[PDB]
Each structure stands twice: as C-alpha cells, then as structure tokens.
$ cat coords.cif   # mmCIF, C-alpha atoms and all ligand atoms
data_my_file
loop_
_atom_site.label_atom_id
_atom_site.label_comp_id
_atom_site.auth_asym_id
_atom_site.auth_seq_id
_atom_site.Cartn_x
_atom_site.Cartn_y
_atom_site.Cartn_z
CA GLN A 843 102.06 -30.11 155.16
CA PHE A 844 103.88 -32.47 152.81
CA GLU A 845 103.79 -36.26 152.94
CA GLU A 846 107.39 -37.48 152.68
CA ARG A 847 106.15 -40.72 151.08
CA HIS A 848 105.47 -38.67 147.95
CA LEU A 849 108.68 -36.77 147.88
CA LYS A 850 111.30 -38.25 145.53
CA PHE A 851 114.85 -36.91 145.62
CA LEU A 852 115.92 -35.84 142.13
CA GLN A 853 119.07 -33.72 142.50
CA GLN A 854 121.15 -32.06 145.18
CA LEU A 855 121.04 -28.27 144.90
CA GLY A 856 123.38 -27.47 147.81
CA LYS A 857 125.07 -29.51 150.56
CA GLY A 858 126.41 -27.41 153.43
CA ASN A 859 127.96 -28.33 156.80
CA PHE A 860 124.77 -27.30 158.63
CA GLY A 861 122.07 -27.50 155.96
CA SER A 862 121.33 -28.84 152.51
CA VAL A 863 118.81 -28.19 149.75
CA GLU A 864 117.48 -30.88 147.40
CA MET A 865 115.47 -30.81 144.19
CA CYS A 866 112.59 -33.22 144.78
CA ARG A 867 109.40 -34.13 142.93
CA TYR A 868 106.26 -33.93 145.02
CA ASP A 869 103.76 -36.19 143.31
CA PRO A 870 100.81 -37.07 145.60
CA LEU A 871 98.47 -37.75 142.70
CA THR A 875 102.82 -35.93 137.24
CA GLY A 876 103.39 -33.58 140.19
CA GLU A 877 105.51 -30.52 140.90
CA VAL A 878 109.19 -29.82 141.55
CA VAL A 879 110.04 -28.30 144.93
CA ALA A 880 113.16 -27.26 146.82
CA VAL A 881 113.62 -29.10 150.13
CA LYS A 882 115.87 -27.64 152.84
CA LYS A 883 117.01 -30.08 155.53
CA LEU A 884 119.27 -29.84 158.57
CA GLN A 885 122.80 -31.24 158.71
CA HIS A 886 124.41 -31.85 162.11
CA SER A 887 121.05 -31.24 163.77
CA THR A 888 121.52 -30.30 167.43
CA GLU A 889 118.82 -28.98 169.77
CA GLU A 890 120.19 -25.47 169.20
CA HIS A 891 120.26 -25.92 165.42
CA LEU A 892 116.71 -27.26 165.30
CA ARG A 893 115.57 -24.33 167.44
CA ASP A 894 117.24 -21.94 165.00
CA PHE A 895 115.77 -23.81 162.02
CA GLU A 896 112.28 -23.50 163.53
CA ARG A 897 112.71 -19.71 163.80
CA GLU A 898 114.08 -19.51 160.25
CA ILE A 899 111.01 -21.39 159.05
CA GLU A 900 108.77 -18.89 160.84
CA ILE A 901 110.69 -15.95 159.39
CA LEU A 902 110.31 -17.14 155.79
CA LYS A 903 106.63 -18.01 156.23
CA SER A 904 106.10 -14.41 157.40
CA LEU A 905 107.65 -13.02 154.18
CA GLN A 906 105.58 -12.41 151.03
CA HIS A 907 107.53 -10.45 148.42
CA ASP A 908 108.25 -10.74 144.69
CA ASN A 909 112.00 -10.85 145.43
CA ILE A 910 111.92 -13.36 148.32
CA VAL A 911 111.81 -17.12 147.73
CA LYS A 912 108.33 -18.51 148.27
CA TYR A 913 107.60 -20.60 151.35
CA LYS A 914 105.43 -23.62 150.56
CA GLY A 915 105.44 -25.59 153.80
CA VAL A 916 106.96 -28.21 156.09
CA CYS A 917 107.35 -31.99 156.06
CA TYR A 918 107.97 -34.68 158.67
CA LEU A 925 111.58 -31.80 159.74
CA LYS A 926 112.08 -30.31 156.25
CA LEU A 927 111.43 -26.88 154.72
CA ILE A 928 109.68 -26.93 151.33
CA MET A 929 109.80 -23.99 148.93
CA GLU A 930 109.62 -23.36 145.19
CA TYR A 931 112.36 -24.53 142.83
CA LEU A 932 114.00 -21.67 141.10
CA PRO A 933 115.56 -23.40 138.07
CA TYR A 934 118.43 -21.00 137.28
CA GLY A 935 120.15 -21.65 140.62
CA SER A 936 122.24 -19.12 142.46
CA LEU A 937 123.12 -15.78 140.88
CA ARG A 938 126.77 -16.90 141.14
CA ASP A 939 126.28 -19.79 138.72
CA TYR A 940 123.93 -17.79 136.51
CA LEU A 941 126.11 -14.70 136.18
CA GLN A 942 129.19 -16.85 135.57
CA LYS A 943 127.41 -18.77 132.81
CA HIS A 944 125.69 -15.80 131.11
CA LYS A 945 128.11 -12.93 131.83
CA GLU A 946 128.61 -12.01 128.16
CA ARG A 947 124.85 -11.36 127.87
CA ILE A 948 124.36 -9.46 131.14
CA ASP A 949 124.83 -5.73 130.59
CA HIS A 950 125.03 -3.12 133.34
CA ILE A 951 121.36 -2.17 132.91
CA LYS A 952 120.53 -5.80 133.73
CA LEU A 953 122.90 -5.88 136.72
CA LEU A 954 121.09 -2.82 138.06
CA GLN A 955 117.75 -4.57 137.54
CA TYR A 956 118.97 -7.37 139.84
CA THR A 957 120.46 -4.78 142.22
CA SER A 958 117.15 -2.93 142.42
CA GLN A 959 115.28 -6.17 143.17
CA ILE A 960 117.70 -7.14 145.95
CA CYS A 961 117.32 -3.63 147.38
CA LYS A 962 113.55 -3.84 147.44
CA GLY A 963 113.64 -7.23 149.15
CA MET A 964 115.92 -5.79 151.83
CA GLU A 965 113.71 -2.72 152.13
CA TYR A 966 110.80 -5.07 152.82
CA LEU A 967 112.85 -7.01 155.39
CA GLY A 968 113.55 -3.76 157.22
CA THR A 969 109.83 -3.11 157.56
CA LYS A 970 109.59 -6.25 159.72
CA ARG A 971 112.77 -5.33 161.68
CA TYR A 972 114.65 -8.35 160.33
CA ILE A 973 118.44 -8.32 159.91
CA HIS A 974 119.57 -10.72 157.18
CA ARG A 975 123.26 -11.00 158.26
CA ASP A 976 124.20 -13.09 155.18
CA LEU A 977 123.66 -10.83 152.16
CA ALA A 978 125.91 -12.20 149.39
CA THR A 979 125.45 -13.39 145.81
CA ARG A 980 125.62 -17.00 147.01
CA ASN A 981 122.25 -16.39 148.73
CA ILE A 982 120.48 -14.83 145.72
CA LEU A 983 118.59 -17.18 143.40
CA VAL A 984 117.50 -16.64 139.79
CA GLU A 985 113.93 -17.39 138.77
CA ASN A 986 114.30 -16.23 135.16
CA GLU A 987 116.41 -13.72 133.25
CA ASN A 988 114.27 -10.87 134.64
CA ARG A 989 113.80 -11.79 138.31
CA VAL A 990 116.04 -12.74 141.22
CA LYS A 991 115.07 -13.49 144.80
CA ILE A 992 116.77 -13.58 148.19
CA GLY A 993 116.97 -17.31 148.70
CA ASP A 994 118.21 -18.15 152.19
CA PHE A 995 117.50 -16.77 155.67
CA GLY A 996 119.55 -19.09 157.87
CA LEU A 997 121.30 -16.29 159.79
CA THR A 998 118.40 -13.83 159.83
CA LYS A 999 117.55 -12.31 163.22
CA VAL A 1000 114.55 -10.41 164.55
CA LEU A 1001 115.59 -7.14 166.16
CA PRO A 1002 114.60 -6.88 169.84
CA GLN A 1003 111.86 -4.40 170.72
CA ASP A 1004 114.34 -2.23 172.61
CA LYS A 1005 117.37 -2.12 170.31
CA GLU A 1006 118.27 -1.39 166.69
CA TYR A 1007 121.06 -3.96 166.63
CA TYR A 1008 121.42 -7.64 167.48
CA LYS A 1009 124.54 -9.12 169.08
CA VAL A 1010 125.54 -12.57 167.94
CA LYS A 1011 128.45 -14.82 168.86
CA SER A 1016 131.15 -16.03 159.66
CA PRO A 1017 131.62 -14.64 156.12
CA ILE A 1018 134.05 -12.02 157.35
CA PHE A 1019 134.84 -10.47 153.97
CA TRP A 1020 131.21 -9.27 153.79
CA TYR A 1021 131.07 -8.01 157.39
CA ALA A 1022 130.82 -4.41 158.51
CA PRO A 1023 133.61 -3.26 160.87
CA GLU A 1024 131.30 -3.20 163.90
CA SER A 1025 130.19 -6.76 163.10
CA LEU A 1026 133.87 -7.77 163.07
CA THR A 1027 134.64 -5.97 166.33
CA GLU A 1028 131.45 -5.94 168.43
CA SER A 1029 129.49 -8.80 166.76
CA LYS A 1030 126.77 -6.17 166.22
CA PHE A 1031 124.36 -6.60 163.31
CA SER A 1032 121.85 -4.00 162.17
CA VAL A 1033 120.19 -2.66 159.06
CA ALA A 1034 123.35 -0.58 158.59
CA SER A 1035 125.56 -3.68 158.59
CA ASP A 1036 123.21 -5.22 156.02
CA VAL A 1037 123.79 -2.08 153.92
CA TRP A 1038 127.55 -2.64 154.20
CA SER A 1039 127.12 -6.20 152.91
CA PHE A 1040 124.85 -4.94 150.12
CA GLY A 1041 127.79 -2.80 149.01
CA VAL A 1042 129.87 -5.98 148.77
CA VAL A 1043 127.08 -7.66 146.77
CA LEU A 1044 127.15 -4.72 144.36
CA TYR A 1045 130.90 -5.26 144.01
CA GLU A 1046 130.33 -8.98 143.35
CA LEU A 1047 127.82 -8.13 140.61
CA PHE A 1048 130.05 -5.65 138.80
CA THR A 1049 133.03 -8.03 138.89
CA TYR A 1050 130.70 -10.64 137.29
CA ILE A 1051 131.56 -13.05 140.14
CA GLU A 1052 135.11 -13.48 138.79
CA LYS A 1053 136.86 -15.51 141.49
CA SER A 1054 140.26 -13.79 141.22
CA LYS A 1055 138.42 -10.49 141.85
CA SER A 1056 136.26 -11.85 144.67
CA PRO A 1057 136.23 -10.02 148.04
CA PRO A 1058 138.28 -12.77 149.75
CA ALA A 1059 140.93 -12.77 147.01
CA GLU A 1060 141.19 -8.97 146.91
CA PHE A 1061 141.30 -8.52 150.68
CA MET A 1062 143.94 -11.23 151.15
CA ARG A 1063 146.17 -9.64 148.53
CA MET A 1064 145.79 -6.31 150.34
CA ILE A 1065 146.50 -7.92 153.71
CA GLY A 1066 149.11 -10.50 152.84
CA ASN A 1067 148.71 -14.24 152.64
CA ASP A 1068 151.17 -14.65 155.51
CA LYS A 1069 148.07 -14.59 157.78
CA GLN A 1070 145.83 -17.46 158.95
CA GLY A 1071 142.44 -17.50 160.66
CA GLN A 1072 142.28 -15.17 163.65
CA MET A 1073 145.03 -12.91 162.30
CA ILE A 1074 143.22 -12.46 159.00
CA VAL A 1075 140.39 -10.88 161.00
CA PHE A 1076 142.85 -8.66 162.81
CA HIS A 1077 144.42 -7.33 159.67
CA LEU A 1078 141.05 -6.94 157.94
CA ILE A 1079 139.87 -4.75 160.85
CA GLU A 1080 143.04 -2.63 160.67
CA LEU A 1081 142.73 -2.39 156.90
CA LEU A 1082 139.11 -1.20 157.07
CA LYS A 1083 139.85 1.19 159.95
CA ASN A 1084 142.54 2.80 157.74
CA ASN A 1085 139.98 3.15 154.92
CA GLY A 1086 141.32 0.37 152.72
CA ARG A 1087 138.54 -0.74 150.39
CA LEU A 1088 137.80 -3.07 147.52
CA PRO A 1089 138.79 -1.44 144.21
CA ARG A 1090 136.45 -0.18 141.45
CA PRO A 1091 135.70 -3.16 139.19
CA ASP A 1092 136.78 -2.94 135.58
CA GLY A 1093 134.14 -1.20 133.54
CA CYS A 1094 132.11 -0.18 136.59
CA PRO A 1095 130.52 3.29 136.25
CA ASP A 1096 131.88 5.80 138.72
CA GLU A 1097 128.41 6.53 140.10
CA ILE A 1098 127.94 2.86 140.98
CA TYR A 1099 131.33 2.62 142.67
CA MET A 1100 130.43 5.73 144.68
CA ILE A 1101 127.34 3.95 146.00
CA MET A 1102 129.54 1.01 147.06
CA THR A 1103 131.86 3.38 148.92
CA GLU A 1104 128.92 5.04 150.69
CA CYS A 1105 127.71 1.63 151.90
CA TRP A 1106 131.26 1.03 153.17
CA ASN A 1107 131.41 4.03 155.49
CA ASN A 1108 133.11 3.26 158.80
CA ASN A 1109 130.55 5.61 160.38
CA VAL A 1110 127.40 3.51 160.75
CA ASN A 1111 125.19 6.61 160.74
CA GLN A 1112 126.57 7.72 157.35
CA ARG A 1113 125.55 4.62 155.39
CA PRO A 1114 122.52 5.06 153.11
CA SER A 1115 119.12 3.53 153.65
CA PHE A 1116 117.84 0.76 151.41
CA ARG A 1117 114.96 3.03 150.37
CA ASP A 1118 117.45 5.63 149.17
CA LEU A 1119 119.64 2.95 147.56
CA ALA A 1120 116.63 1.65 145.61
CA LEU A 1121 115.69 5.16 144.46
CA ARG A 1122 119.21 5.94 143.24
CA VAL A 1123 119.79 2.56 141.57
CA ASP A 1124 116.47 2.97 139.73
CA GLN A 1125 117.41 6.50 138.64
CA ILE A 1126 120.83 5.42 137.39
CA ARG A 1127 119.35 2.50 135.47
CA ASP A 1128 116.71 4.77 133.91
CA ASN A 1129 119.34 7.33 132.90
CA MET A 1130 121.54 4.58 131.47
CA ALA A 1131 118.70 3.16 129.36
CA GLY A 1132 117.54 6.61 128.20
CA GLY A 1133 120.96 7.87 127.14
CA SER A 1134 120.90 10.91 129.45
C1 LIG B 1201 123.40 -23.08 153.45
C2 LIG B 1201 123.55 -24.42 152.73
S1 LIG B 1201 122.37 -24.66 151.45
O1 LIG B 1201 122.90 -25.58 150.51
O2 LIG B 1201 121.10 -24.95 152.05
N1 LIG B 1201 122.22 -23.22 150.69
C3 LIG B 1201 120.93 -22.62 150.25
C4 LIG B 1201 121.57 -22.19 149.00
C5 LIG B 1201 121.82 -20.68 148.96
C6 LIG B 1201 120.60 -19.93 148.72
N2 LIG B 1201 119.65 -19.34 148.54
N3 LIG B 1201 120.91 -22.70 147.83
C7 LIG B 1201 119.61 -22.50 147.55
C8 LIG B 1201 119.37 -23.14 146.36
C9 LIG B 1201 118.06 -23.19 145.65
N4 LIG B 1201 118.11 -23.51 144.36
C10 LIG B 1201 116.95 -23.55 143.73
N5 LIG B 1201 115.75 -23.32 144.24
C11 LIG B 1201 115.70 -22.99 145.57
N6 LIG B 1201 114.65 -22.70 146.39
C12 LIG B 1201 115.07 -22.44 147.62
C13 LIG B 1201 116.45 -22.57 147.62
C14 LIG B 1201 116.85 -22.92 146.31
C15 LIG B 1201 120.55 -23.73 145.95
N7 LIG B 1201 121.51 -23.46 146.86
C16 LIG B 1201 122.79 -22.96 149.36
#
$ encode --input "coords.cif" --output "structure tokens" --more "lines below"
Ligand SMILES: CCS(=O)(=O)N1CC(CC#N)(n2cc(-c3ncnc4[nH]ccc34)cn2)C1
Amino acid sequence: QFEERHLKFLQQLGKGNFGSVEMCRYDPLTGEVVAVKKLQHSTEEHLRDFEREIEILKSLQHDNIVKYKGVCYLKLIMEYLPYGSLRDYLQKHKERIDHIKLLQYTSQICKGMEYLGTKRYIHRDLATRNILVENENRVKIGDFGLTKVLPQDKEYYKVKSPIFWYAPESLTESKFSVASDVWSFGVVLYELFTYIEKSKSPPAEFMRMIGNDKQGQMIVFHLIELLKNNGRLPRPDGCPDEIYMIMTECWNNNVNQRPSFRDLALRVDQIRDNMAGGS
C-alpha cells in the first residue's frame, strides 16, 4: 500500500462530481509521480462501487490500459500519464496528427476493448475523455468507473449518463453489452476524426439535428426517435469513406449486426497498413 504521509499533492488532474484525480509525488525515501483517484460525495453505495472498480483495474494488465499501482488509507494510486486526456492532446497537437496516427490510437483502443471482452467486462463509458496519452505513440483506456462484470447467465447488464454515446438499447432498456460498447467505440472514432472540435462534437451535432427547443428528458426522447429513424452523425471533414463506413457499422440499430472488436482491430490495422503503403 501507500503511506499517505508521503504523498504530496502537486496538481489537480480532474475534479468530478463523484471522483477526482490528483497528481501527487510519492517520496518515501526524490520519489515518483503518481495519479491518485479519490471519491467525491462518498456514500456507502459509492464506496462499494469504488471498491469493485479498484478490483476491476487491478485485474487488468494490458499495454493500452492504465497501470494499477495500489491503494492508500481510501485512494486509488496509478501511474501518471503526462500527456493527459486524448481530448487535450489531440486539441493541442491536431496539426501534427495525421490519419495514420489516428488509426494507431484507434487500433490501441480496440485492442484494449478486445482484452476487456475476454474478461466479460462492459466498459459503459467509452469516450475520448476516458482515454489518456502516455506518449505520442501510445494511448491507454484511463478510467473504469462505470465498468460492469457481466453475470454468468447473461450477455448484457441492466443498470439504472453520457447519452450521446449510448446505443439505442441502452437508451431504451438500460441494457449494456459488448455490442453497446461497440456502438460507443463508433462514437469515439467520430470524435477522433473530427479532432475533438467542440462544434462538431456528438452533443452539438445531435442537438442541431433534434432542435434546441428540448431540455433533459425530452432530449432523450428525440434522440431515440432520431436513431430509430436512422439519423446518424455525419462523415467528418476529410474522413476516408472506409473509416466512416466502420462508424456506421458500429451504429447499427440491430445489435447482432454490429462488428466485434476483434474484427474492428483487424480492419483498422489493414486500413492503416494500406494507407502507409500507398495501396
Ligand atoms: C471521473 C472524474 S475524474 O476526474 O476522476 N476523471 C478521470 C479522468 C478521465 C480518465 N481517464 N482523468 C484521468 C486523468 C489522468 N491523467 C493522468 N494520469 C492518469 N492516470 C490515471 C488517470 C490519469 C485525468 N483525468 C477524469
């Protein structure tokens, strides 16, 4: 474990309404820099969920999943990835990030999700805000606060919300599955190829398609109707048609028709290889 007496707060990395992450120096004896996740508005339910999240991350060992380091007395300690979220990184470096590089990040996210599927985990929160950048060549899935373990007897989990990333059956039945993670991956791919431009973000695009007359519950209603009538996010400027087609396959209303992460990884890798080779 970690001795809090040797943890010095250096910078806030994220301050949510139910959790926060701090950059702290752990110097037990010049020491190391670590990322420290703590609970905000800690209720008995929230601490129970945080305990399970801790256990889920400790069980994960993958190049594209943020590294668990341990716990402190209750705080979650990991590594400090110094380039922050992919949102900040892509915004800052967009002029230098070509499509071959976007597909490198896409492939890495895909392989992390592939690995999560092996353990029958549903992430439920796949979005660029939850992808961290270690260096210019490696990103990692960085947060698992909504992740669920599928029950032994079902291939979905029902849960009582980032609605603009949600599959239709998550919006209607509160059902989450690998296939609804694939839907959200399609939205991540859209985020990447819009270079995280806020006026092109999923919430901005969907509200323009719906109408900004709506508020709260009615937004969800017209989003469901929109998706049921096959309204979809548009092809981002400059986005290759083959990549948009993958997005649209992830966004199939028919759950059975969405691709697997294994197949997504294979195709993304092939497209990137063809792009780099000039074929
Ligand atoms: C849900 C509220 S939050 O503030 O806890 N949340 C985690 C969050 C999203 C992700 N991943 N975040 C993580 C970091 C981060 N940066 C640098 N190294 C790191 N290691 C582990 C996390 C991490 C910064 N913001 C934002």
$ closest_residue --input "coords.cif" --among "A:1100, A:990, A:948, A:871" --to "ligand LIG 1201 (chain B)" --atoms "all atoms listed in the file"
A:990
$ closest_residue --input "coords.cif" --among "A:1128, A:889, A:1092, A:994" --to "ligand LIG 1201 (chain B)" --atoms "all atoms listed in the file"
A:994
$ residues_around --input "coords.cif" --residues "residue 880 (chain A)" --least-positions-apart "4" --cutoff "7 Å" --atoms "only C-alpha atoms" --output "MDAnalysis selection string"
chainID A and resid 863:866 928:931
$ closest_residue --input "coords.cif" --among "A:1065, A:1074, A:1119, A:925" --to "residue 957 (chain A)" --atoms "all atoms listed in the file"
A:1119
$ residues_near_ligand --input "coords.cif" --ligand "ligand LIG 1201 (chain B)" --cutoff "8 Å" --atoms "only C-alpha atoms and all ligand atoms" --output "PyMOL selection string"
chain A and resi 855-865+879-883+911-912+928-936+980-984+992-996
$ residues_around --input "coords.cif" --residues "residue 1088 (chain A)" --least-positions-apart "3" --cutoff "10 Å" --atoms "only C-alpha atoms" --output "PyMOL selection string"
chain A and resi 1042+1045+1055-1058+1060-1061+1064+1082+1085+1091+1099+1102-1103+1106
$ atom_distance --input "coords.cif" --atom1 "CA of residue 927 (chain A)" --atom2 "CA of residue 986 (chain A)"
22.5 Å
$ atom_distance --input "coords.cif" --atom1 "CA of residue 987 (chain A)" --atom2 "CA of residue 1097 (chain A)"
24.5 Å
$ closest_residue --input "coords.cif" --among "A:1063, A:943, A:850, A:1087" --to "residue 867 (chain A)" --atoms "all atoms listed in the file"
A:850
$ residues_around --input "coords.cif" --residues "residue 949 (chain A)" --least-positions-apart "2" --cutoff "12 Å" --atoms "only C-alpha atoms" --output "short mmCIF file (atom, residue, chain, number, x, y, z; two decimals) with C-alpha atoms, in the frame of the given file"
data_model
loop_
_atom_site.label_atom_id
_atom_site.label_comp_id
_atom_site.auth_asym_id
_atom_site.auth_seq_id
_atom_site.Cartn_x
_atom_site.Cartn_y
_atom_site.Cartn_z
CA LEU A 941 126.11 -14.70 136.18
CA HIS A 944 125.69 -15.80 131.11
CA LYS A 945 128.11 -12.93 131.83
CA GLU A 946 128.61 -12.01 128.16
CA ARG A 947 124.85 -11.36 127.87
CA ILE A 951 121.36 -2.17 132.91
CA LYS A 952 120.53 -5.80 133.73
CA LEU A 953 122.90 -5.88 136.72
CA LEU A 954 121.09 -2.82 138.06
CA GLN A 955 117.75 -4.57 137.54
CA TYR A 956 118.97 -7.37 139.84
CA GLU A 987 116.41 -13.72 133.25
CA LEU A 1047 127.82 -8.13 140.61
CA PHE A 1048 130.05 -5.65 138.80
CA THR A 1049 133.03 -8.03 138.89
CA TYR A 1050 130.70 -10.64 137.29
CA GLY A 1093 134.14 -1.20 133.54
CA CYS A 1094 132.11 -0.18 136.59
CA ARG A 1127 119.35 2.50 135.47
CA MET A 1130 121.54 4.58 131.47
CA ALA A 1131 118.70 3.16 129.36
#
$ closest_residue --input "coords.cif" --among "A:937, A:905, A:1126, A:1101" --to "residue 972 (chain A)" --atoms "all atoms listed in the file"
A:905
$ atom_distance --input "coords.cif" --atom1 "CA of residue 960 (chain A)" --atom2 "CA of residue 910 (chain A)"
8.8 Å
$ closest_residue --input "coords.cif" --among "A:1079, A:1000, A:978, A:1120" --to "residue 897 (chain A)" --atoms "only C-alpha atoms"
A:1000
$ residues_around --input "coords.cif" --residues "residue 1033 (chain A)" --least-positions-apart "4" --cutoff "10 Å" --atoms "all atoms listed in the file" --output "number ranges by chain"
A: 964-965, 967-968, 971-975, 1001, 1006-1008, 1037-1039, 1110, 1113, 1115-1116
$ axis_aligned_box --input "coords.cif" --around "region 1047-1059 of chain A" --padding-each-side "4 Å" --output "lines of an AutoDock Vina configuration file"
center_x = 134.4
center_y = -10.6
center_z = 143.5
size_x = 21.1
size_y = 17.9
size_z = 20.5
$ residues_around --input "coords.cif" --residues "residue 1030 (chain A)" --least-positions-apart "2" --cutoff "7 Å" --atoms "all atoms listed in the file" --output "list in words"
residues 1007, 1008, 1009, 1010, 1024, 1025, 1028 and 1032 of chain A
$ decode --input "coords.cif" --residues "region 955-976 of chain A" --atoms "N, CA, C and O atoms" --output "PDB file, in the first residue's frame"
ATOM      1  N   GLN A 955      -3.590   4.528 -35.457  1.00  0.00           N
ATOM      2  CA  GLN A 955      -2.757   3.891 -34.440  1.00  0.00           C
ATOM      3  C   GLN A 955      -3.435   3.947 -33.076  1.00  0.00           C
ATOM      4  O   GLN A 955      -3.487   2.944 -32.353  1.00  0.00           O
ATOM      5  N   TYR A 956      -3.950   5.124 -32.700  1.00  0.00           N
ATOM      6  CA  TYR A 956      -4.685   5.242 -31.442  1.00  0.00           C
ATOM      7  C   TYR A 956      -5.954   4.395 -31.467  1.00  0.00           C
ATOM      8  O   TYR A 956      -6.295   3.739 -30.471  1.00  0.00           O
ATOM      9  N   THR A 957      -6.667   4.407 -32.598  1.00  0.00           N
ATOM     10  CA  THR A 957      -7.887   3.619 -32.746  1.00  0.00           C
ATOM     11  C   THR A 957      -7.615   2.143 -32.535  1.00  0.00           C
ATOM     12  O   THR A 957      -8.366   1.455 -31.827  1.00  0.00           O
ATOM     13  N   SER A 958      -6.552   1.644 -33.166  1.00  0.00           N
ATOM     14  CA  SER A 958      -6.162   0.248 -33.029  1.00  0.00           C
ATOM     15  C   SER A 958      -5.854  -0.098 -31.575  1.00  0.00           C
ATOM     16  O   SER A 958      -6.234  -1.171 -31.087  1.00  0.00           O
ATOM     17  N   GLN A 959      -5.181   0.804 -30.858  1.00  0.00           N
ATOM     18  CA  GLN A 959      -4.827   0.536 -29.465  1.00  0.00           C
ATOM     19  C   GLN A 959      -6.060   0.506 -28.571  1.00  0.00           C
ATOM     20  O   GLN A 959      -6.159  -0.342 -27.675  1.00  0.00           O
ATOM     21  N   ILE A 960      -6.998   1.433 -28.785  1.00  0.00           N
ATOM     22  CA  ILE A 960      -8.262   1.402 -28.050  1.00  0.00           C
ATOM     23  C   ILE A 960      -9.002   0.100 -28.331  1.00  0.00           C
ATOM     24  O   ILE A 960      -9.522  -0.552 -27.415  1.00  0.00           O
ATOM     25  N   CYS A 961      -9.014  -0.324 -29.598  1.00  0.00           N
ATOM     26  CA  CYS A 961      -9.695  -1.559 -29.978  1.00  0.00           C
ATOM     27  C   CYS A 961      -9.109  -2.761 -29.259  1.00  0.00           C
ATOM     28  O   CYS A 961      -9.842  -3.651 -28.811  1.00  0.00           O
ATOM     29  N   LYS A 962      -7.782  -2.815 -29.160  1.00  0.00           N
ATOM     30  CA  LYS A 962      -7.162  -3.979 -28.543  1.00  0.00           C
ATOM     31  C   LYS A 962      -7.362  -3.980 -27.032  1.00  0.00           C
ATOM     32  O   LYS A 962      -7.483  -5.052 -26.426  1.00  0.00           O
ATOM     33  N   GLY A 963      -7.429  -2.802 -26.413  1.00  0.00           N
ATOM     34  CA  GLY A 963      -7.810  -2.751 -25.009  1.00  0.00           C
ATOM     35  C   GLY A 963      -9.218  -3.262 -24.786  1.00  0.00           C
ATOM     36  O   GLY A 963      -9.473  -4.013 -23.838  1.00  0.00           O
ATOM     37  N   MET A 964     -10.151  -2.882 -25.666  1.00  0.00           N
ATOM     38  CA  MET A 964     -11.533  -3.324 -25.511  1.00  0.00           C
ATOM     39  C   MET A 964     -11.667  -4.813 -25.805  1.00  0.00           C
ATOM     40  O   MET A 964     -12.421  -5.518 -25.127  1.00  0.00           O
ATOM     41  N   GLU A 965     -10.934  -5.294 -26.805  1.00  0.00           N
ATOM     42  CA  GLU A 965     -10.846  -6.727 -27.064  1.00  0.00           C
ATOM     43  C   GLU A 965     -10.448  -7.495 -25.806  1.00  0.00           C
ATOM     44  O   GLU A 965     -11.045  -8.521 -25.478  1.00  0.00           O
ATOM     45  N   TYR A 966      -9.436  -6.991 -25.109  1.00  0.00           N
ATOM     46  CA  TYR A 966      -8.943  -7.618 -23.889  1.00  0.00           C
ATOM     47  C   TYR A 966      -9.974  -7.543 -22.765  1.00  0.00           C
ATOM     48  O   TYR A 966     -10.105  -8.485 -21.971  1.00  0.00           O
ATOM     49  N   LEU A 967     -10.712  -6.431 -22.679  1.00  0.00           N
ATOM     50  CA  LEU A 967     -11.793  -6.333 -21.698  1.00  0.00           C
ATOM     51  C   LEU A 967     -12.867  -7.379 -21.958  1.00  0.00           C
ATOM     52  O   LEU A 967     -13.422  -7.957 -21.017  1.00  0.00           O
ATOM     53  N   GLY A 968     -13.191  -7.614 -23.233  1.00  0.00           N
ATOM     54  CA  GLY A 968     -14.193  -8.611 -23.560  1.00  0.00           C
ATOM     55  C   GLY A 968     -13.821 -10.001 -23.090  1.00  0.00           C
ATOM     56  O   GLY A 968     -14.694 -10.773 -22.680  1.00  0.00           O
ATOM     57  N   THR A 969     -12.544 -10.326 -23.145  1.00  0.00           N
ATOM     58  CA  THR A 969     -12.063 -11.623 -22.681  1.00  0.00           C
ATOM     59  C   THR A 969     -12.498 -11.897 -21.244  1.00  0.00           C
ATOM     60  O   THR A 969     -12.820 -13.031 -20.888  1.00  0.00           O
ATOM     61  N   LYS A 970     -12.492 -10.849 -20.414  1.00  0.00           N
ATOM     62  CA  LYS A 970     -12.850 -10.973 -19.007  1.00  0.00           C
ATOM     63  C   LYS A 970     -14.336 -10.752 -18.759  1.00  0.00           C
ATOM     64  O   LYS A 970     -14.773 -10.770 -17.600  1.00  0.00           O
ATOM     65  N   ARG A 971     -15.119 -10.587 -19.827  1.00  0.00           N
ATOM     66  CA  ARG A 971     -16.559 -10.318 -19.764  1.00  0.00           C
ATOM     67  C   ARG A 971     -16.861  -9.046 -18.978  1.00  0.00           C
ATOM     68  O   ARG A 971     -17.808  -8.991 -18.189  1.00  0.00           O
ATOM     69  N   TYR A 972     -16.048  -8.018 -19.202  1.00  0.00           N
ATOM     70  CA  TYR A 972     -16.285  -6.681 -18.675  1.00  0.00           C
ATOM     71  C   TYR A 972     -16.929  -5.801 -19.743  1.00  0.00           C
ATOM     72  O   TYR A 972     -16.501  -5.798 -20.907  1.00  0.00           O
ATOM     73  N   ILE A 973     -17.926  -5.019 -19.331  1.00  0.00           N
ATOM     74  CA  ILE A 973     -18.533  -3.977 -20.157  1.00  0.00           C
ATOM     75  C   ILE A 973     -18.058  -2.633 -19.623  1.00  0.00           C
ATOM     76  O   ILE A 973     -18.215  -2.348 -18.431  1.00  0.00           O
ATOM     77  N   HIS A 974     -17.479  -1.804 -20.497  1.00  0.00           N
ATOM     78  CA  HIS A 974     -16.877  -0.553 -20.039  1.00  0.00           C
ATOM     79  C   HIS A 974     -17.931   0.503 -19.711  1.00  0.00           C
ATOM     80  O   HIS A 974     -17.854   1.162 -18.666  1.00  0.00           O
ATOM     81  N   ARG A 975     -18.917   0.676 -20.595  1.00  0.00           N
ATOM     82  CA  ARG A 975     -20.081   1.553 -20.465  1.00  0.00           C
ATOM     83  C   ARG A 975     -19.755   3.038 -20.573  1.00  0.00           C
ATOM     84  O   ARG A 975     -20.680   3.852 -20.496  1.00  0.00           O
ATOM     85  N   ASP A 976     -18.491   3.428 -20.760  1.00  0.00           N
ATOM     86  CA  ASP A 976     -18.110   4.844 -20.709  1.00  0.00           C
ATOM     87  C   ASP A 976     -17.008   5.142 -21.721  1.00  0.00           C
ATOM     88  O   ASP A 976     -16.146   6.001 -21.496  1.00  0.00           O
TER      89      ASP A 976
END
